[PDB]
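All of the numbers you see were taken from the coordinates with simple rules; none came from a lab. FYI the Cβ positions are ideal-geometry reconstructions off the backbone, even for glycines, and counts take in every protein chain you see.
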Amino acid sequence: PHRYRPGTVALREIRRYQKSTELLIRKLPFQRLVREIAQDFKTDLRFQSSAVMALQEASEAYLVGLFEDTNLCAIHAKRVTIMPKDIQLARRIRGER
Amino acid sequence: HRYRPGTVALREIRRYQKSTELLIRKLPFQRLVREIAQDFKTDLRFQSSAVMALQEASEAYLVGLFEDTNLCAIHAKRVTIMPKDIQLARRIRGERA
Amino acid sequence: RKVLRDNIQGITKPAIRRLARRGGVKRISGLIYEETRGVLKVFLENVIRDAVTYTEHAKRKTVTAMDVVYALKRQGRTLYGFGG
Amino acid sequence: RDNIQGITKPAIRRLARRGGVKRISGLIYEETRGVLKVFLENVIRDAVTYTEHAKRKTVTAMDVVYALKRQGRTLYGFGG
Amino acid sequence: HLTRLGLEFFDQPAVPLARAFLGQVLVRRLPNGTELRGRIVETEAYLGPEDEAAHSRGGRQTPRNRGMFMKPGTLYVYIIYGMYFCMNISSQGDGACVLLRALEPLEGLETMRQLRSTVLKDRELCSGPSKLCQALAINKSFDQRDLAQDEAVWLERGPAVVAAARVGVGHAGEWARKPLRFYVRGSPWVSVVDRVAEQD
Amino acid sequence: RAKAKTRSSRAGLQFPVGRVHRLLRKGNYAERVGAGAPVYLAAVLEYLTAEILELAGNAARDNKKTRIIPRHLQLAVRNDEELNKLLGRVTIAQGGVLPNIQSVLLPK
Amino acid sequence: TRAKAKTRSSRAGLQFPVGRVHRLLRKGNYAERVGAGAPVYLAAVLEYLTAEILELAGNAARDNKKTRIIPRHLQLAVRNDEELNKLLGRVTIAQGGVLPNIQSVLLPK
Amino acid sequence: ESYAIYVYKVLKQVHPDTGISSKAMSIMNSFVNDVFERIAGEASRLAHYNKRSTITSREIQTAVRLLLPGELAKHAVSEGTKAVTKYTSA
Amino acid sequence: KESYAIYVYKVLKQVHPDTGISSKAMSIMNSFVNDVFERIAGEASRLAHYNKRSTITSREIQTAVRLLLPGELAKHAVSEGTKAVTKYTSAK
DNA sequence: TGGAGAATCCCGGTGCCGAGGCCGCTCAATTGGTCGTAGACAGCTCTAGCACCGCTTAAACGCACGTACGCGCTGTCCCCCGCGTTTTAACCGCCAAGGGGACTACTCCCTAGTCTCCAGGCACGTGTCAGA
DNA sequence: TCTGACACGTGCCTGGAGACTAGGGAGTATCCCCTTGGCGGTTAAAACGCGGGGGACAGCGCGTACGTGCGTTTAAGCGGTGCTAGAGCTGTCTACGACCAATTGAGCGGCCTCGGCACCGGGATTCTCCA
């Protein structure tokens, strides 16, 4: 049949998901994660829809920026594959612990 | 005799991480500060404490940048720092577009 | 009502792949996903803790959008579009 | 004129030794001089703005401290 | 006419005016010329100074609560929670008063349904003190008039009684647990019910 | 009296001078607020709004869209150097990112 | 006629000037009104933070066998504690120095 | 209270055939509020440094030079001084 | 010029009695006290402006301490502030 | 190098949902006047910043040697991409319950304002003890 | 073993504390929209398996570029003198901004309408890989 070489569909996904404006994580699992994180701080807590939407937008933008820095750390080490040490280096240089 | 290449560097690392003295000479840094400030406003007086504060800030910034540069150089399986390490460490913190 | 446990697995592996595709990543290792889940959990704890603090200062039970916006502007991550 | 060459190669080597650097390239020094020039340009420009707001011809340590505080580089020990 | 009550009935203490003000039809005359014929089902009693939940606790003589201490049976509308109102009426002596809580109508429900709106079932049309204030076109201007004069609202004589605990005052103090809310047994139109206090 | 002229009308501005004066007075910034400060700040705000909106309109025209969506504002901010420097710690909601694929990832 | 002038820091059991914190809060354009317990609370928080810094700095000075707190001791005190390093991450201490840290790949085998 | 009609007026002054969406207007409202908060806080801090209890056009002018980058600062100073000169002469 | 030097003397002699201090160390501690004071006061001002309150009270300072200070530091600072406020309001 | 097949772009039609204009009103901006007071402006002091010379000596610079390290090439084998099938639960719609928040009078305590006064805190002389 | 920077004691001064009042800011006082929980069909998407290919990674040679050492230069650094811009404070006076009363008009909520754009479908045009 037909089969694409490894990396063509990845570049197509890069173009497709950099052209779009959507939120990439599914809404209900992120909402449930927000509930289970907030239940460790104060019980019987309610959330508006816009608060969960704001948390999702901020977290997705933070993860996209972290993945850009992670990709540049991978390119610096003569690699095209991102690894946990890349994320650790990016967070260490940014000052996050 | 002749020492091995690297042990005098380690001795310098050990002896320059204990002292709190200022590593750039005072008069060249003062001349650099006046040369930079000549572009902004003409005939500026400078307090001595202003030049000392600028020297402390510049030395701290360069030492933190060299720490991030060393992390980038170690990340790429090296011990010799290169300008691409400086450029990566400044781009991750946001100092370079 | 009940207790919620192990909801970090809802941040699926294709979701992390799609967020890395937007970040320009061509090839992703298999150990990336757990680190990304931990990073997201740390970030969400740091933002939701400040949002809960802003909510408890106002003596309310509901977390508004402005509480999250103030909790993000607290951390130098100002968000435009949810009021301000 | 010049005055960036006064930040000499042993000074940059000493700063790298304080940072923990074991071996340094020969192209590090010009890049470090450029980065130091950019940082000093930003802080000195903000300090001159604070000085010329106060109608003074003298840059004080207060102006440098406030210029550093604006960039997120808060410096204790000089009256901040 | 003969179907109007006088001032002789209102010379009662706090708890009998809580008890003997049941089954009397509260009829309000709004200026369209129509009647309501609404009979109340439950009341509440505030003793005044010794009652910790009353508005006149410890000899309070605020100028808002001024239509109480000149004669028994003086009507008193008081504003609550911004827009809402409540129906207090004084008893014999200073401080003692009874509050109107809930009523059921036999006719005129269409006019009260129309006037209720600024989802509209008969069970929740006037099940509440602010609900009956908003269903009777009662404003803050009714404080200056009594119960038994001229052409405004009055009461009509009609043809078991269960005492429930206080709900909405909090679990604090000493006078917040006395049974003073008397309501009719078996009625499904009661706003605040007590399934454990019905067995005496 | 005379005809009531808005301070924005005599300052040649569309942004409100009076609202900026009220927000400076009620913002607990200083004990006193001068007369020229709301005029000056309304001019600065109008200039920055015009600079973002011009590039956002150009980005909407390049996408064959009459209306301005958040993506056009993101492309306006992150393509200008000075606006991206001013808004470097700002996330625009429903804005996405710039299309940027690295050279070493593209095939040869 | 007037009673004994008892300071507010003695009423609060504190050592920082509650009156100076109140005056600095009133003139700092933070709010139109400033409550009574806010300078007491803020002076207590500042005194606790000063006490923690001086504990760790005196411990660092005693470890270096000298009886005087120098800025190197304050830098060691701040950076050797995780929470004080988190609070003072964007802070440069003058005459402060750095921690002795050599990575494992730089040390000889 | 929002800056919606003023942003729409500026948009029709700049791009007369281009509209806007509700989310974009919310973002522009947030941008105007953020820049206002930045410049007003900088001017308050500048007045607190120089022992002044007033905020004048000079305070906002040096606050704009502190906050905005180069060409943005120069042009924002240009229309700010133009607006102050037009306000004082009319 | 007013400063916090004698109070740093008092705290240091309370907790490290046979230990002196330098002048640059006092400048650093004075700048540290000023920085933390400005941080907590600005956070309390923001908390008052968000809730449409014109008064800064002990609750806003407590919430500012919870927002700014890290975990165990925040818990102990809230404990010390609550102890000081209860001792101040108890004694008249 | 040509050609098959998948993906992507272009064009035409449809419908809906929200931007955009109109209108009444009401709340906040404008106008006019008054009243203190912050700050502009001139002046004087004297502080500290700049300009310059000598010297001595630690640091910087140029050069030689060489060995450690960056870097290009090579082999391998592990891990991840691409794709197909199967299974899970996310998304949508509807509905009911119940706590939680809008919401505005009221009324009371608390905090600004002001006078007085006095003691804590700041500037300055003294010896004195830790660190080079 | 010296010496200079910090601890200690004294005098004045100014701002913080006691005390009283005014008024305004904040706490408190049922009901209805908002959020949450559940049911249920639908299907979009996650999950698992498997082949294979290509990239991470270890090994190796080599060639050169920094490290280190040493002689020579050079200008930082310290001391000292001299001088004048300019910070810093004070006094005076007046322009300017807070504050308030009356007026009025522009912005905001409510309402209604039609066009921009998302979507669907078919066909033309890249575009990627393999014999």
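When the stretch G:25-48 is examined, which residues are found to be within 9 Å of DNA strand J (Cβ to nearest atom), at the interface with another protein chain (Cβ under 7 Å from one of its Cβ atoms) and assigned to a helix (DSSP H, G or I)? Explain how you work it out, then say what you get.
Here is the first cut: in the stretch G:25-48, the ones within 9 Å of DNA strand J (Cβ to nearest atom) are G:25-26, G:31-38.
With the extra rule that they be at the interface with another protein chain (Cβ under 7 Å from one of its Cβ atoms), the set shrinks to G:25, G:31-35, G:37-38.
Residues satisfying the conditions are G:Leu25, G:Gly37, G:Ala38.
Tell me, yes or no, whether the stretch D:7-23 has at least one residue that is at the interface with chain B (Cβ under 7 Å from one of its Cβ atoms), part of a helix (DSSP H, G or I) and under 20 Å from H:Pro69 (Cβ atoms).
First, pick out the residues of the stretch D:7-23 that are at the interface with chain B (Cβ under 7 Å from one of its Cβ atoms): D:7, D:11, D:14-23.
In the following step, the residues that additionally are part of a helix (DSSP H, G or I) were identified as D:11, D:14-19.
Still in the list and also under 20 Å from H:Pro69 (Cβ atoms): none.
Checked the stretch D:7-23: no residue is at the interface with chain B (Cβ under 7 Å from one of its Cβ atoms), part of a helix (DSSP H, G or I) and under 20 Å from H:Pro69 (Cβ atoms).
Can you tell me which residues in the stretch F:6-24 are more than 8 Å from DNA strand K (Cβ to nearest atom), over 29 Å from G:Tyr30 (Cβ atoms) and part of a loop (DSSP other than H, G, I, E, B)?
Result: F:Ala11, F:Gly12, F:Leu13, F:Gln14.
Which one is nearest to DNA strand K (Cβ to nearest atom), of the residues in the stretch I:1-26 that are surrounded by 20 or more Cβ atoms within 10 Å (Cβ to Cβ) and under 16 Å from G:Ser9 (Cα atoms)? Break it down into steps so the answer makes sense when it comes.
Of all residues in the stretch I:1-26, those surrounded by 20 or more Cβ atoms within 10 Å (Cβ to Cβ) come to I:4, I:7-8, I:11-12, I:16, I:21, I:25.
If we keep only those that are under 16 Å from G:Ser9 (Cα atoms) as well, we get I:4, I:7-8, I:11.
Values: I:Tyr4: 12, I:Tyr7: 13, I:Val8: 10, I:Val11: 12 Å.
The selected residue is I:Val8.
I'd like to check something: does the stretch G:64-84 contain any residue that is away from DNA strand K (no atom under 13 Å from the Cβ), in contact with a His (Cβ under 9 Å, 6 or more places away or on another chain) and not basic (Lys, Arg)?
yes
Hey, does the stretch G:57-72 have a residue that's at the interface with another protein chain (Cβ under 7 Å from one of its Cβ atoms), within 17 Å of I:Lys10 (Cβ to Cβ) and crowded, with 22+ Cβ neighbours inside 10 Å? Before the answer, list the steps.
Start the filter on the stretch G:57-72 by keeping residues that are at the interface with another protein chain (Cβ under 7 Å from one of its Cβ atoms), which leaves G:58, G:61, G:67-72.
From what's left, within 17 Å of I:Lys10 (Cβ to Cβ): G:58, G:69.
Now drop any that are not crowded, with 22+ Cβ neighbours inside 10 Å, which leaves G:58, G:69.
Yes.
Looking at this structure, is B:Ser49 surrounded by fewer than 21 Cβ atoms within 10 Å (Cβ to Cβ) and either within 11 Å of DNA strand K (Cβ to nearest atom) or part of a helix (DSSP H, G or I) (or both)?
Numbers: surrounded by fewer than 21 Cβ atoms within 10 Å (Cβ to Cβ): yes; either within 11 Å of DNA strand K (Cβ to nearest atom) or part of a helix (DSSP H, G or I) (or both): yes.
Answer is yes for this residue.
Can you tell me which residue among A:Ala90, A:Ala38, A:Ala54 is touching a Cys at 6+ places or on another chain (Cβ under 6 Å) and either hydroxyl-bearing (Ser, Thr, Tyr) or closer than 24 Å to C:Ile8 by Cα (or both)? Steps first, please.
Details: A:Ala38 fails: touching a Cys at 6+ places or on another chain (Cβ under 6 Å); A:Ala54 fails: touching a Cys at 6+ places or on another chain (Cβ under 6 Å).
Just a single option satisfies the conditions, and that option is A:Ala90.
This table checks each residue for (1) part of a helix (DSSP H, G or I); (2) touching a helix residue (DSSP H, G or I) at 6+ places or on another chain (Cβ under 7 Å); (3) surrounded by 11 or more Cβ atoms within 10 Å (Cβ to Cβ).
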| position | (1), (2), (3) |
| --- | --- |
| E:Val119 | no, no, no |
| E:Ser130 | yes, no, yes |
| E:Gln134 | yes, yes, yes |
| E:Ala152 | no, no, yes |
| E:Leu155 | no, no, yes |
| E:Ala163 | no, no, yes |
| E:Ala172 | no, no, no |
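Quick check on this structure: which one of B:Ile92, B:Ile36 is assigned to a helix (DSSP H, G or I), closer than 30 Å to F:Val90 by Cα and not charged (D, E, K, R)? Walk me through it before giving the result.
On the way: B:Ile36 fails: closer than 30 Å to F:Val90 by Cα.
Result of the check over B:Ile92, B:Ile36: B:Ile92.
Is it true that some residue in the stretch G:90-109 is more than 8 Å from every other protein chain (Cβ to nearest Cβ), outside any loop (DSSP other than H, G, I, E, B) and under 24 Å from D:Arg70 (Cβ atoms)?
The answer is no; no qualifying residue exists.
Just to verify a result, which residue in the stretch A:8-56, among those that are more than 10 Å from DNA strand J (Cβ to nearest atom) and among the acidic types (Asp, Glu), is farthest from the chain's Cα centre (by Cα)?
Here the residue is A:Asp40.
Please give the number of the condition B:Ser58 fails out of (1) surrounded by fewer than 17 Cβ atoms within 10 Å (Cβ to Cβ); (2) more than 13 Å from DNA strand K (Cβ to nearest atom); (3) polar (S, T, N, Q).
Looking at each condition in turn, B:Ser58 falls short on (1).
Give me the pairs: first residue in the stretch E:9-38 and in a strand (DSSP E or B), second residue small (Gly, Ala, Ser), beta-carbon distance under 9 Å, and six or more apart or on different chains, which are they?
E:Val25/E:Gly38; E:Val25/E:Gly158; E:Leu26/E:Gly38; E:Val27/E:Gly38; E:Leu30/E:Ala137; E:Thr34/E:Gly108; E:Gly38/E:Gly108; E:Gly38/E:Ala135
Need the failing condition index for E:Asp51 against (1) in a loop (DSSP other than H, G, I, E, B); (2) buried (at least 17 other Cβ atoms within 10 Å of the Cβ); (3) under 17 Å from the mean Cα position of the chain (by Cα), just the number.
Condition not satisfied by E:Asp51: (3).
For C:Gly76, only one of the following conditions fails: (1) part of a loop (DSSP other than H, G, I, E, B); (2) facing chain A (nearest Cβ under 7 Å); (3) exposed (fewer than 15 other Cβ atoms within 10 Å of the Cβ). What is its number?
(2)
If you check C:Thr36, C:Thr53, which single one turns out to be closer than 16 Å to A:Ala38 by Cα and outside any loop (DSSP other than H, G, I, E, B)? Talk me through it step by step, then tell me what you get.
Working: C:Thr36 fails: closer than 16 Å to A:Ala38 by Cα.
Exactly one residue qualifies, and that residue is C:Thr53.
Working only within the stretch E:22-68, note down all residues that are touching a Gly at 6+ places or on another chain (Cβ under 6 Å) and within 28 Å of E:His171 (Cα to Cα).
Scanning the stretch E:22-68 gives E:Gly48, E:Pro49, E:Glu52, E:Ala54, E:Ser56.
Which of the residues belonging to the stretch A:72-95 are within 7 Å of another protein chain (Cβ to nearest Cβ), buried (at least 23 other Cβ atoms within 10 Å of the Cβ) and within 12 Å of DNA strand J (Cβ to nearest atom)?
The answer is A:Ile82, and nothing else.
Quick one: what pairs do we get from the stretch A:35-48, first residue at the interface with chain C (Cβ under 7 Å from one of its Cβ atoms), second of a type in the set (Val, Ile, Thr) and more than 10 Å from DNA strand J (Cβ to nearest atom), C-beta under 6 Å, 6+ apart or different chains?
Close Cβ pairs (under 6 Å, with a partner that is of a type in the set (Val, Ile, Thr) and more than 10 Å from DNA strand J (Cβ to nearest atom)) amount to A:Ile37/C:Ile48; A:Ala38/C:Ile48; A:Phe41/C:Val52; A:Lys42/C:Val52.
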